[PDB]
Structures are given as C-alpha cells and as structure tokens.
Amino acid sequence: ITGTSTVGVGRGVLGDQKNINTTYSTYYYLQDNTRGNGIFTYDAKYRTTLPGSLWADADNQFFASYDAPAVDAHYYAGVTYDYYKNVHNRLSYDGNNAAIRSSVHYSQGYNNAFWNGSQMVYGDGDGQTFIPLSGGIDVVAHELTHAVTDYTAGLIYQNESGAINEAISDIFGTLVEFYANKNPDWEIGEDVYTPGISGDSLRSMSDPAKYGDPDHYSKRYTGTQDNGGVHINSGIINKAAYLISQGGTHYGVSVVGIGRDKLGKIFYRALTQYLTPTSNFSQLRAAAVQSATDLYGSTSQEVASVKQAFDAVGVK
Ligand SMILES: O[C@@H]1[C@@H](O)[C@H](O)OC[C@H]1O
Ligand SMILES: O[C@@H]1[C@@H](O)[C@H](O)OC[C@H]1O
Ligand SMILES: O[C@@H]1[C@@H](O)[C@H](O)OC[C@H]1O
Ligand SMILES: O[C@@H]1[C@@H](O)[C@H](O)OC[C@H]1O
Ligand SMILES: O[C@@H]1[C@@H](O)[C@H](O)OC[C@H]1O
Ligand SMILES: O[C@@H]1[C@@H](O)[C@H](O)OC[C@H]1O
Ligand SMILES: O[C@@H]1[C@@H](O)[C@H](O)OC[C@H]1O
Ligand SMILES: O[C@@H]1[C@@H](O)[C@H](O)OC[C@H]1O
Ligand SMILES: O[C@@H]1[C@@H](O)[C@H](O)OC[C@H]1O
Ligand SMILES: [Ca+2]
Ligand SMILES: [Ca+2]
Ligand SMILES: [Ca+2]
Ligand SMILES: [Zn+2]
Ligand SMILES: [Zn+2]
Ligand SMILES: [Zn+2]
Ligand SMILES: [Zn+2]
Ligand SMILES: [Zn+2]
Ligand SMILES: [Zn+2]
Ligand SMILES: [Zn+2]
C-alpha cells in the first residue's frame, strides 16, 4: 500500500516487546519499507487462502494476543534480512531484494511453518506441540534459508542432498538467532516447541543423539520416511558445523573451534559457489574445504578445522 513509513510497537508470541516498521494510510499496515522491496505480513484469518489480507491495525500498537504471531513474523523477517545483508552482502533471499511476504494464522491448529516458494506461511500450532511458530527466530530463518538455497545451489529435498538442505537451514537459522543475540543456542525450535516442557527442542546441533538423531555417518538413516531422513540425517552435518564453530572431541577426533562468524562464511560460500542440486555429504566436505581454502588459505587453521570436523562425523 502507499503511505507514510511509521514505527509501531507490540509484543511477540513469547510476550517480549519490540518495535515494528509499519506503513500508515488510514490504518497502520505491517509493511516495512526500510528493507529492500519491502517486508509484508498478512492475516490468513484461520483459512488456507494465501496470502490473505495485508495486516491492518487501527492504532500502531500490537499488544493483542491475536497480533503476536504477526509481530514476530514481521520482525524476524527483518532480522533475517539484516543478517544476510550485513553479514553476507546478500539482499533478501534472492540476492535481488525480493519482497519478503509472510502469512500468519494459517489454518487451525497447524503445527508447521514453511517457505512455499514465494512466501512464508505460519501455523498457530495446537497449543501443546507448538505455539505460533513465528515465535521462533530460528524457525523463521531456517525456512527463509530454504529460499536462499533454492535461489543458489538448488539442493534437492531428499536423501543426502536433502539432509544437507535441512542442515544449511539449521545452521543459518542458528546463526541468525545468535545475530539477533537475545536467547541463542544450538537447538532448533526451542522457543515454540512444547510450551509445557522446558529444556527441549525439535533437534540439537550440539548433540543430535539427545533426540535420537545421528551424529556420525555410520549412524545415518537409510529408510524411506521423511524423504529419506532429511530432518534426521541433518544431525550429521549439524554436528560438524557445531564442531567447526565451538570445537570439541567427538568419537575421539579433536576439532579446534574457529567461531560462528567463520562457520557462517565457510558454509555461505560453499552453498553459493560450490554446491549443486545433488551434492552429497562428501561433496559438501569438499565444498567447505575449498571455501575455507579460498577465504583463509590452504595451510590455515580454518581449513584444518573443517577437515577435523568432517572426520569426526565420519564424512570423508
Ligand atoms: O509502497 C511505498 C514504498 O514503495 C516506498 O518506498 O515507501 C512508502 C510506501 O508507501
Ligand atoms: O504472552 C503473550 C502476550 O504478551 C502477547 O501479547 O500475546 C501472545 C502471548 O503469548
Ligand atoms: O483475501 C482474504 C482471504 O485470503 C481470506 O481468507 O478471507 C478474507 C480475504 O480478504
Ligand atoms: O480478538 C479477535 C479474535 O477474537 C478473533 O478471532 O480474530 C480477531 C481478533 O482481534
Ligand atoms: O527463478 C528461479 C526460481 O524459479 C526458483 O524458484 O529458484 C531459483 C530461481 O533462479
Ligand atoms: O559472531 C557473529 C555470529 O554470532 C553471527 O551469528 O554471525 C555473524 C558473526 O559476526
Ligand atoms: O535417550 C536415548 C538416547 O540415548 C539416544 O541417543 O536416542 C534415543 C533416546 O531415547
Ligand atoms: O538412503 C539414503 C542413504 O543412502 C544416504 O546415505 O542418506 C540419505 C538416505 O535417504
Ligand atoms: O564437487 C565440488 C567441487 O567441484 C568443488 O571444487 O568444491 C565443491 C565440491 O562439492
Ligand atoms: Ca492495535
Ligand atoms: Ca535455537
Ligand atoms: Ca518446550
Ligand atoms: Zn520446514
Ligand atoms: Zn527445513
Ligand atoms: Zn534460542
Ligand atoms: Zn522431516
Ligand atoms: Zn522441515
Ligand atoms: Zn560427541
Ligand atoms: Zn560434542
């Protein structure tokens, strides 16, 4: 909509106050004109028609319970935009400042959130398995990172390539959570999963086995469920990424940690320059090694730590 750029205030799903960029024309709309071609957040009104109505509010104050998922979808899309621009010089998910559109209140009791190829879609959850999923910055950034992948490597969503696709989204979801440095961790979805249970999450990058996911290639799932285990086998790559950043000794292999920023630079270069739609784990290792070589030199600690981490998870 055409209007004046304004700044509203509200509370997100977890009850935290934040400012949001809006546009004023009779109503205040969840339309942020400060980032690329815009960030636009819509009300799906418990239906499955997309995108729904551009979110309108009479007073620029977003403190109602019904507002909270919209506040977070809008704000965390902004954080994700800022991460990719400021850290990686990438303008929106396509690198060409595509508008970022999100719909909240999708369906009823819907325990999922997804990038659908052109926008984000957030369920409200059923209140037991999940609360509204836009409350999780790592979920928001995980799904928007699928769009980054689609516009770069084009990793296929099945078998080893699909597990890489999911790990890339977990890695950057987590790096965005740290960039936004409110309550970061190496867990996925902890803020919105199981409101009745403290200390759990959908999966752990630091210790995949805590939830029964593999932390070594020898433990990879080879069945047909989950598109060949894409959210299961991601644990192998997630653990490697965790080790690259934080270090540790895993199955007897010592890894010297190089920190989050270098992890992000190495994997971003691997994704955008070297991965292809069918890259397997071994090819990801090679891409990460080459990316660290490009950035830091073949004799660098960074290259050595990449190799150590992939060794530790059994990926040659
Ligand atoms: O849509 C308009 C946008 O294009 C401009 O950049 O800022 C004001 C908005 O109304
Ligand atoms: O506690 C939250 C509240 O502050 C917000 O306004 O609506 C959603 C709730 O979860
Ligand atoms: O376009 C909107 C539609 O998506 C929603 O489901 O019902 C109201 C309409 O304004
Ligand atoms: O409070 C309202 C809620 O009861 C309804 O479901 O949708 C709009 C909200 O503002
Ligand atoms: O235009 C392409 C689009 O069709 C696809 O969704 O992602 C890659 C883009 O280059
Ligand atoms: O250390 C920062 C890291 O926490 C963030 O995730 O990505 C950028 C780095 O500068
Ligand atoms: O506690 C168990 C854990 O040790 C294993 O790694 O995965 C399944 C869990 O039930
Ligand atoms: O069966 C597949 C397995 O061969 C591969 O290693 O990882 C993905 C699985 O789907
Ligand atoms: O096979 C790829 C290789 O061509 C490149 O050099 O590094 C990335 C690898 O995945
Ligand atoms: Ca209001
Ligand atoms: Ca997290
Ligand atoms: Ca929980
Ligand atoms: Zn998903
Ligand atoms: Zn995913
Ligand atoms: Zn967290
Ligand atoms: Zn899955
Ligand atoms: Zn998923
Ligand atoms: Zn270990
Ligand atoms: Zn460990």
# chains A, B, ... in the order shown; residues from 1 in each chain; ligands from 1
>>> residues_around(residues="region 220-231 of chain A", least_positions_apart="6", cutoff="6 Å", atoms="only C-alpha atoms", output="mmCIF file with N, CA and C atoms, in the first residue's frame")
data_model
loop_
_atom_site.group_PDB
_atom_site.id
_atom_site.type_symbol
_atom_site.label_atom_id
_atom_site.label_comp_id
_atom_site.auth_asym_id
_atom_site.auth_seq_id
_atom_site.Cartn_x
_atom_site.Cartn_y
_atom_site.Cartn_z
ATOM 1 N N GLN A 158 15.621 -34.411 -0.727
ATOM 2 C CA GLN A 158 15.550 -35.848 -0.462
ATOM 3 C C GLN A 158 16.955 -36.432 -0.249
ATOM 4 N N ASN A 159 17.037 -37.528 0.507
ATOM 5 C CA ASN A 159 18.277 -38.293 0.698
ATOM 6 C C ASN A 159 19.405 -37.386 1.207
ATOM 7 N N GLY A 162 19.054 -33.637 0.472
ATOM 8 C CA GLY A 162 18.011 -33.063 1.301
ATOM 9 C C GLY A 162 18.420 -32.868 2.748
ATOM 10 N N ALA A 163 19.222 -33.783 3.285
ATOM 11 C CA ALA A 163 19.750 -33.607 4.637
ATOM 12 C C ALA A 163 20.701 -32.417 4.706
ATOM 13 N N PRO A 214 21.261 -39.012 14.244
ATOM 14 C CA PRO A 214 22.653 -39.444 14.078
ATOM 15 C C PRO A 214 23.644 -38.302 14.209
#
>>> residues_around(residues="residue 246 (chain A)", least_positions_apart="2", cutoff="7 Å", atoms="only C-alpha atoms", output="PDB file with N, CA and C atoms, in the first residue's frame")
ATOM      1  N   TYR A 242      28.590 -27.466  14.268  1.00  0.00           N
ATOM      2  CA  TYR A 242      28.795 -27.141  15.673  1.00  0.00           C
ATOM      3  C   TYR A 242      30.263 -27.282  16.058  1.00  0.00           C
ATOM      4  N   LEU A 243      30.898 -28.377  15.635  1.00  0.00           N
ATOM      5  CA  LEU A 243      32.306 -28.597  15.952  1.00  0.00           C
ATOM      6  C   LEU A 243      33.205 -27.558  15.295  1.00  0.00           C
ATOM      7  N   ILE A 244      32.934 -27.210  14.041  1.00  0.00           N
ATOM      8  CA  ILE A 244      33.725 -26.169  13.382  1.00  0.00           C
ATOM      9  C   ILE A 244      33.700 -24.887  14.199  1.00  0.00           C
ATOM     10  N   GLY A 248      35.654 -29.261  19.987  1.00  0.00           N
ATOM     11  CA  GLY A 248      35.307 -30.395  20.822  1.00  0.00           C
ATOM     12  C   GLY A 248      36.020 -31.637  20.346  1.00  0.00           C
ATOM     13  N   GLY A 257      37.908 -25.219  17.496  1.00  0.00           N
ATOM     14  CA  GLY A 257      36.813 -24.354  17.090  1.00  0.00           C
ATOM     15  C   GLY A 257      37.317 -23.013  16.571  1.00  0.00           C
ATOM     16  N   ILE A 258      36.658 -22.530  15.511  1.00  0.00           N
ATOM     17  CA  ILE A 258      37.023 -21.272  14.862  1.00  0.00           C
ATOM     18  C   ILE A 258      35.977 -20.184  15.014  1.00  0.00           C
ATOM     19  N   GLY A 259      34.846 -20.466  15.657  1.00  0.00           N
ATOM     20  CA  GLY A 259      33.842 -19.460  15.915  1.00  0.00           C
ATOM     21  C   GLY A 259      32.740 -19.406  14.879  1.00  0.00           C
TER      22      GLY A 259
END
>>> closest_atom_pairs(of="chain A", to="ligand 10", cutoff="12 Å", atoms="only C-alpha atoms and all ligand atoms", output="tab-separated table")
residue	atom	partner	partner_atom_place_in_ligand_line	distance
A:8	CA	ligand 10	1 (Ca)	9.1
A:9	CA	ligand 10	1 (Ca)	9.1
A:10	CA	ligand 10	1 (Ca)	8.3
A:11	CA	ligand 10	1 (Ca)	10.9
A:22	CA	ligand 10	1 (Ca)	11.9
A:27	CA	ligand 10	1 (Ca)	9.7
A:28	CA	ligand 10	1 (Ca)	8.6
A:29	CA	ligand 10	1 (Ca)	10.4
A:30	CA	ligand 10	1 (Ca)	11.3
A:55	CA	ligand 10	1 (Ca)	10.7
A:56	CA	ligand 10	1 (Ca)	8.6
A:57	CA	ligand 10	1 (Ca)	5.0
A:58	CA	ligand 10	1 (Ca)	5.4
A:59	CA	ligand 10	1 (Ca)	4.7
A:60	CA	ligand 10	1 (Ca)	5.4
A:61	CA	ligand 10	1 (Ca)	4.1
A:62	CA	ligand 10	1 (Ca)	4.8
A:63	CA	ligand 10	1 (Ca)	6.8
A:64	CA	ligand 10	1 (Ca)	7.2
A:65	CA	ligand 10	1 (Ca)	10.6
A:66	CA	ligand 10	1 (Ca)	10.1
A:67	CA	ligand 10	1 (Ca)	8.0
A:68	CA	ligand 10	1 (Ca)	10.9
A:70	CA	ligand 10	1 (Ca)	11.8
A:71	CA	ligand 10	1 (Ca)	11.2
>>> write_last_selection(atoms="N, CA, C and O atoms", output="tab-separated table (two decimals), in the first residue's frame")
chain	number	residue	atom	x	y	z
A	8	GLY	N	5.62	1.20	14.76
A	8	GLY	CA	4.73	0.76	15.81
A	8	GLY	C	5.48	-0.03	16.87
A	8	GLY	O	6.69	-0.25	16.81
A	9	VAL	N	4.71	-0.50	17.84
A	9	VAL	CA	5.24	-1.26	18.97
A	9	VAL	C	4.24	-2.34	19.33
A	9	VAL	O	3.03	-2.16	19.20
A	10	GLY	N	4.75	-3.48	19.78
A	10	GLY	CA	3.87	-4.57	20.15
A	10	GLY	C	4.63	-5.62	20.91
A	10	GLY	O	5.78	-5.40	21.31
A	11	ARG	N	3.97	-6.75	21.13
A	11	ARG	CA	4.55	-7.88	21.83
A	11	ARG	C	4.45	-9.12	20.95
A	11	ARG	O	3.43	-9.34	20.29
A	22	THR	N	6.02	-0.08	10.06
A	22	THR	CA	4.69	-0.15	9.51
A	22	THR	C	4.53	0.95	8.46
A	22	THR	O	5.42	1.77	8.24
A	27	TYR	N	-5.21	3.08	8.12
A	27	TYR	CA	-4.75	2.08	9.07
A	27	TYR	C	-3.23	2.02	9.04
A	27	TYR	O	-2.57	2.51	8.10
A	28	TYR	N	-2.67	1.42	10.09
A	28	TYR	CA	-1.26	1.05	10.12
A	28	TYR	C	-1.12	-0.39	9.64
A	28	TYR	O	-1.69	-1.30	10.23
A	29	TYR	N	-0.33	-0.58	8.59
A	29	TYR	CA	-0.14	-1.89	7.97
A	29	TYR	C	1.23	-2.45	8.30
A	29	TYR	O	2.22	-1.71	8.40
A	30	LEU	N	1.29	-3.78	8.45
A	30	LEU	CA	2.57	-4.47	8.60
A	30	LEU	C	3.26	-4.52	7.25
A	30	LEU	O	3.31	-5.54	6.55
A	55	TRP	N	-1.81	-7.01	6.84
A	55	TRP	CA	-2.24	-6.85	8.23
A	55	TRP	C	-2.48	-5.38	8.54
A	55	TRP	O	-1.55	-4.57	8.49
A	56	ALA	N	-3.71	-5.05	8.93
A	56	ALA	CA	-4.12	-3.69	9.24
A	56	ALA	C	-4.42	-3.56	10.73
A	56	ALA	O	-5.06	-4.44	11.32
A	57	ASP	N	-4.00	-2.43	11.31
A	57	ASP	CA	-4.18	-2.15	12.72
A	57	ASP	C	-4.53	-0.68	12.89
A	57	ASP	O	-3.93	0.19	12.25
A	58	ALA	N	-5.50	-0.40	13.76
A	58	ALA	CA	-6.04	0.95	13.86
A	58	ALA	C	-5.09	1.93	14.53
A	58	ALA	O	-5.15	3.13	14.23
A	59	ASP	N	-4.25	1.49	15.47
A	59	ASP	CA	-3.52	2.43	16.32
A	59	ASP	C	-2.00	2.22	16.35
A	59	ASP	O	-1.32	2.93	17.10
A	60	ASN	N	-1.45	1.31	15.55
A	60	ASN	CA	0.00	1.09	15.50
A	60	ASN	C	0.54	0.45	16.78
A	60	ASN	O	1.75	0.47	17.03
A	61	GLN	N	-0.35	-0.10	17.61
A	61	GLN	CA	0.02	-0.81	18.83
A	61	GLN	C	-0.43	-2.25	18.67
A	61	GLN	O	-1.59	-2.51	18.35
A	62	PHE	N	0.50	-3.19	18.87
A	62	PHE	CA	0.25	-4.58	18.54
A	62	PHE	C	0.45	-5.48	19.77
A	62	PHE	O	1.34	-6.35	19.79
A	63	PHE	N	-0.37	-5.27	20.79
A	63	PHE	CA	-0.25	-5.97	22.05
A	63	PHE	C	-1.34	-7.01	22.28
A	63	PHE	O	-1.36	-7.65	23.33
A	64	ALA	N	-2.25	-7.18	21.33
A	64	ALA	CA	-3.28	-8.20	21.47
A	64	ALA	C	-2.69	-9.57	21.18
A	64	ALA	O	-1.74	-9.72	20.41
A	65	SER	N	-3.25	-10.60	21.83
A	65	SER	CA	-2.79	-11.96	21.61
A	65	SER	C	-2.83	-12.32	20.12
A	65	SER	O	-1.92	-12.96	19.60
A	66	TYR	N	-3.89	-11.88	19.43
A	66	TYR	CA	-4.04	-12.19	18.01
A	66	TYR	C	-2.95	-11.53	17.18
A	66	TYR	O	-2.59	-12.03	16.11
A	67	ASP	N	-2.38	-10.43	17.67
A	67	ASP	CA	-1.33	-9.71	16.96
A	67	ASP	C	0.02	-10.41	17.06
A	67	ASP	O	0.88	-10.22	16.19
A	68	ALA	N	0.25	-11.16	18.13
A	68	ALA	CA	1.61	-11.61	18.45
A	68	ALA	C	2.27	-12.40	17.33
A	68	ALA	O	3.46	-12.16	17.07
A	70	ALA	N	1.91	-12.16	14.16
A	70	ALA	CA	2.22	-11.21	13.10
A	70	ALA	C	3.41	-10.34	13.47
A	70	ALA	O	4.30	-10.10	12.65
A	71	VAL	N	3.45	-9.87	14.71
A	71	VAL	CA	4.60	-9.09	15.19
A	71	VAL	C	5.89	-9.86	14.95
A	71	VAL	O	6.87	-9.31	14.41
>>> select_by_dssp(residues="region 191-310 of chain A", states="alpha helix (DSSP H)", output="number ranges by chain")
A: 225-246, 260-269, 281-296, 301-310
>>> residues_around(residues="residue 141 (chain A)", least_positions_apart="4", cutoff="6 Å", atoms="only C-alpha atoms", output="list in words")
residues 80, 145 and 173 of chain A
>>> write_last_selection(atoms="N, CA and C atoms", output="tab-separated table (two decimals), in the first residue's frame")
chain	number	residue	atom	x	y	z
A	80	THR	N	16.24	-11.47	9.75
A	80	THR	CA	16.85	-12.38	8.80
A	80	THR	C	17.39	-11.60	7.59
A	145	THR	N	15.94	-19.56	4.81
A	145	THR	CA	17.17	-20.07	4.22
A	145	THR	C	16.88	-21.12	3.15
A	173	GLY	N	19.68	-20.71	10.44
A	173	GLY	CA	18.69	-20.37	11.44
A	173	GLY	C	19.34	-20.05	12.78
>>> closest_atom_pairs(of="chain A", to="ligand 14", cutoff="7 Å", atoms="only C-alpha atoms and all ligand atoms", output="JSON lines")
{"residue": "A:142", "atom": "CA", "partner": "ligand 14", "partner_atom_place_in_ligand_line": "1 (Zn)", "distance": 6.2}
{"residue": "A:143", "atom": "CA", "partner": "ligand 14", "partner_atom_place_in_ligand_line": "1 (Zn)", "distance": 5.8}
{"residue": "A:146", "atom": "CA", "partner": "ligand 14", "partner_atom_place_in_ligand_line": "1 (Zn)", "distance": 6.6}
{"residue": "A:166", "atom": "CA", "partner": "ligand 14", "partner_atom_place_in_ligand_line": "1 (Zn)", "distance": 4.7}
{"residue": "A:169", "atom": "CA", "partner": "ligand 14", "partner_atom_place_in_ligand_line": "1 (Zn)", "distance": 6.0}
>>> closest_atom_pairs(of="chain A", to="ligand 12", cutoff="9 Å", atoms="only C-alpha atoms and all ligand atoms", output="tab-separated table")
residue	atom	partner	partner_atom_place_in_ligand_line	distance
A:129	CA	ligand 12	1 (Ca)	8.3
A:130	CA	ligand 12	1 (Ca)	8.3
A:189	CA	ligand 12	1 (Ca)	8.6
A:190	CA	ligand 12	1 (Ca)	5.8
A:191	CA	ligand 12	1 (Ca)	6.9
A:192	CA	ligand 12	1 (Ca)	6.8
A:193	CA	ligand 12	1 (Ca)	4.6
A:194	CA	ligand 12	1 (Ca)	3.7
A:195	CA	ligand 12	1 (Ca)	4.7
A:196	CA	ligand 12	1 (Ca)	6.0
A:197	CA	ligand 12	1 (Ca)	4.2
A:198	CA	ligand 12	1 (Ca)	4.7
A:199	CA	ligand 12	1 (Ca)	6.0
A:200	CA	ligand 12	1 (Ca)	5.0
A:201	CA	ligand 12	1 (Ca)	6.0
A:202	CA	ligand 12	1 (Ca)	8.8
